[PDB]
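If you want the building blocks of each chain, they are given just below.
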Amino acid sequence: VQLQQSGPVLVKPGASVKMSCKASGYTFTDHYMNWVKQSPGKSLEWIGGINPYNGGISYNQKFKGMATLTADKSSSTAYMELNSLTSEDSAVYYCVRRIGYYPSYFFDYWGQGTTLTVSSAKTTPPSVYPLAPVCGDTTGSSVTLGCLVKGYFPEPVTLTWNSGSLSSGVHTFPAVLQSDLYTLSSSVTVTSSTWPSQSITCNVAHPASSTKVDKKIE
Amino acid sequence: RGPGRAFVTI
Amino acid sequence: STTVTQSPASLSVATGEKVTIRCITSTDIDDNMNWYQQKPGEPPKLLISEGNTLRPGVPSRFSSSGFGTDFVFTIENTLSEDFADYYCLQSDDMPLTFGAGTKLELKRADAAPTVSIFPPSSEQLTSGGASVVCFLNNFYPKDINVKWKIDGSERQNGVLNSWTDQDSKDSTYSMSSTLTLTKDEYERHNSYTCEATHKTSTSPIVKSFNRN
Amino acid sequence: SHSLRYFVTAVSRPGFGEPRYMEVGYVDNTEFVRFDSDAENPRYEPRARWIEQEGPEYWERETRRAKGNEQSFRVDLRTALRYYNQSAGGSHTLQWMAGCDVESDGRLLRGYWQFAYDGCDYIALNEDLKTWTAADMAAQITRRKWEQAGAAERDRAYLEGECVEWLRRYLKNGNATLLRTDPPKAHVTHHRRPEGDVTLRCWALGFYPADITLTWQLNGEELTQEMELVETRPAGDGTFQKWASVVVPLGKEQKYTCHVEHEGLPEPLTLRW
Amino acid sequence: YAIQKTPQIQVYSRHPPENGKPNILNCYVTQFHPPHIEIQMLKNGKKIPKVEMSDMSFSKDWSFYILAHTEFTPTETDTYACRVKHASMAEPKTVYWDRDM
């Protein structure tokens, strides 16, 4: 009923990393445990599987030597360990539960997934900049305000407007790499009778560097 | 013939 | 490895018609073919297991058929919540292999985009850079073209474009166009405009400012 | 001695349908009747030739019995779910074995009435045919239930009376099949291992009943080796099969002997290729 | 939904193998739990159509067994095998028929 994976990880090339997958809501040994990678574009590839009953392991030949699967029955937790990491290993890794009892191999339950980033870039806190209108060209009943989050690493960054109070007309633009650092934008649209009569604030949270920043538009 | 549970369940 | 070819890569249908996804394999897998759905942000969810078994709780509009090498996944009278990515997976022998997937998007009515342009914030000018941003919100279809113009002349280098995923409620897209320069090269010029070419208009939508 | 045994299995499949229920009747080692809830219509069908001599009322009563037992096992699966605090989405199994082994005379040698849940022992009638043996606390609840109700008396009444009489009847009717004795046809095969040693293989085919002993005496006797030996398997036509292999250096083939001891043989076979 | 017994497979034939003489190929699968299992008989890696199965029953230790069988005409160049899928194994085991084992 529940498969909770570890948080996002950033490692240097040629290093190793160990992801966990805590199962709950069923007898852990009664089901196999697979791991599946999902890449930016070319998605969904089976890495391997383990039997928590007897430790029986199956591997994909594509990832033989790269992945080490283990399972601990006491805490009902599966572990996958990657080694000799390159850039082509940056992806989302899922632990997925295999259907039990019947002689089948499809998966039924999927964990939330853990994002792994392999890059030699150091963790960098973001720079937050407000985006206000052209100071004069306002006309329509609605005005759009922006929050630009430039120069951070790694991903992702959470952005809220007025502490999550305004969820209408907000667009969170997907971050893009630029000069080795990420750049993101956020849009919000409010009635012209609100701004600048009511202050508008974007709150940017970067957990990788433990930074929160509030920026007030104008 | 075979055995009958006789509806005596566990 | 037994390869698995999924078709088509993308599809565009409205709310209420049939969606047909074909999945072919390179070897004979009998009926051991499964169909997963994945909505943005979420992990994939199993819809149809081996054979053509509809998983419990799955609505009755989804169906599967085929056997051996050819398999079909059908959605009859698709609802609005049925629009996501779809993957086929064979489970006959190892290694387990997935299809390339199908990006099923909602074909709604056309919508003109709302365009806005933002100059560099003063703090960024003090820092040392400059970013002119252009928002293009709530439009359909996803196809759109942005033309940056500096002092009337077109600028092509230093532009980064970011689209969003189709909205869950509006089924519209949004796009952010960022022009990046140094404070010096931003200071030398004054007029800055952003031009948008879309299907809903024969003439482009222009949004400009003067640095002063 | 001879035996009449019945093997019953109820397996649950949530989300699919009702639990699958099967009954299989064995005289000695030969199957002769079968029930299966997953058929064109669930009935008690014959599996041997000599049993088809029974009339229609025989199959009618056996079908009624099988359906009653199937309802019992459905209820039992649900109460075991409640008993073990288990989810209604998992597939669980319930096995039941009941029968009688009688001696060549006719006196009851042993009675069996045992259950298992998920491949593990649940409750078993003891050798006295009066008391039960339970594994876990749910089985202790079942035991105290069955001891209040006195199910051991009825079960012993079946095992000592109906079972023995019907076993005698089955032996009498199927004399031509059940009490036949078929001699094993045996031979020794040779294989060259990738090294200097060779694999000697002693076969025994086409024997009945399945009780056979295959041994390899070396220059004198004794085993003194990790001799390979597969379980007696059925050829699918009423006869059985077995073989035992051993490794031997190149040259000592004339110094090794195989011994086949079968009840259908006047003199045990000594063999060497 | 408890213990796991890995199935044991034996592939053989009734009568000794004679080229051109039709015969029965048997796949004997024993000592497995849960009872849900899948057995296929392959000739030259391709699935054989008419495959018959003995009725599933168990032994004294509650381990299930079963016997699949099909008609086949052994030649010197044809390959025969038995593929098994069970919840206790990571991958479907294949056991090839040896005319001497």
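Judging from the entry metadata, X-ray crystallography is the method by which this structure was determined, and 2.90 Å is the reported resolution.

With the PDB entry as reference, chain E is termed Beta-2-microglobulin, source organism Mus musculus. As recorded by UniProt, the Subunit comment attached to chain E reads in full: "Heterodimer of an alpha chain and a beta chain. Beta-2-microglobulin is the beta-chain of major histocompatibility complex class I molecules. Forms a heterotrimer with MR1 and a metabolite antigen." Turning to chain E, the UniProt annotation filed under Subcellular location states: "Secreted".

For chain D, the name recorded in the PDB entry is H-2 class I histocompatibility antigen, D-D alpha chain, with Mus musculus as its organism. The annotation that UniProt attaches to chain D under Function is "Involved in the presentation of foreign antigens to the immune system." Turning to chain D, the UniProt record has this under Sequence similarities: "Belongs to the MHC class I family."

Visitor: Help me out: how do you make sense of the interface of chain A and chain C in this one?
Guide: Many descriptions give the size of an interface as the accessible area lost when the pieces come together. Opposite the 40 residues of chain A that make contact, chain C presents 42 residues. For the side of chain A that touches chain C, the secondary structure elements donating two or more residues are β4 (33-38), β5 (45-51), β10 (107-110), β12 (127-131), β13 (142-152), β15 (171-178) and β16 (181-191) of chain A. Per-element tally for the side of chain A that touches chain C: the top contributor is β15(A), with six residues. Residue composition of the side of chain A that touches chain C, by class: 21 nonpolar, 15 polar and four charged.

Visitor: Got a minute to help me understand the pattern of salt bridges in this structure?
Guide: Where charged atoms from two side chains of opposite charge approach closely, those side chains can pair. All names here are of chain C. Enumeration over the complete set of coordinates arrives at 30 salt bridges over all chains. For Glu-76, the salt bridge is made with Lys-18, and the minimal N-O distance between the two is 3.8 Å. You can see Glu-76 sitting in the loop between β7 (70-75) and β8 (85-90) and its partner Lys-18 sitting in the loop between β2 (10-13) and β3 (19-25), a full 58 residues away along the chain. Residue class for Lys-18 comes out partly exposed when judged on its relative accessible area of 48%.

Visitor: Is there a simple way to think about the sheet that holds strand β11 (residues 114-118) of chain C in this case?
Guide: All names here are of chain C. Strand order in the open sheet formed by four strands is β11-β12-β16-β15, and the pairing between neighbours is antiparallel. A strand with exactly one partner marks an edge of an open sheet, and here the two such strands are β11 and β15 (159-163). In this sheet, adjacent strand axes meet at a mean angle of 15° when their direction is disregarded. By the bridge criterion, five bridges tie β11 to strand β12 (residues 129-139) in an arrangement that is antiparallel. By the bridge assignment for β12, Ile-117 is matched with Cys-134.

Visitor: Which parts of the structure should I look at to understand unusual backbone geometry?
Guide: If a residue is not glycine, its phi is most likely negative; likewise, a peptide bond is most likely trans. For the peptide bond that leads from A:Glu155 to A:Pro156, omega is -15°, which places it in the cis range. For A:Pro156, the position within the fold is in the loop between β13 and β14 (158-161). In this structure, the amide linkage connecting C:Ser7 to the following residue, C:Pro8, adopts the cis form with an omega of -5°. The phi dihedral of A:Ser179 is positive, around 50°, even though this residue is not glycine. Looking at where A:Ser179 falls in the secondary structure, it is placed in the loop between β15 and β16. Taking relative accessible area as the criterion, A:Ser179 reaches 68% and is therefore assigned exposed. One non-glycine residue with positive phi stands out, namely D:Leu129, at about 65°. Within the secondary structure, D:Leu129 is located in the loop between β7 (120-125) and β8 (132-134).

Thresholds applied
Residues numbered from 1 in each chain as written, not as in the entry; some residues may be left out. Chains lettered and ligands numbered in written order. Heavy atoms only, no water. Residues with missing side-chain atoms left out of burial classes, pairs and counts. UniProt positions renumbered as here; feature names shortened; annotations may be inferred. Contact = heavy atoms within 4.5 Å. Helix = DSSP H or I, 4+ residues; strand = E, 2+ residues; numbered from the N terminus. Nonpolar A, V, L, I, M, F, W, Y, C, P; charged D, E, K, R; others polar. Salt bridge = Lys/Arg side-chain N within 4 Å of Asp/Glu carboxyl O. Buried < 20%, exposed > 50% of the residue type's maximum accessible area, 1.4 Å probe, protein only. Pairing = 2+ DSSP bridges. Axes fitted to C-alpha atoms, helices over the stretch in contact; angles between N-to-C directions.

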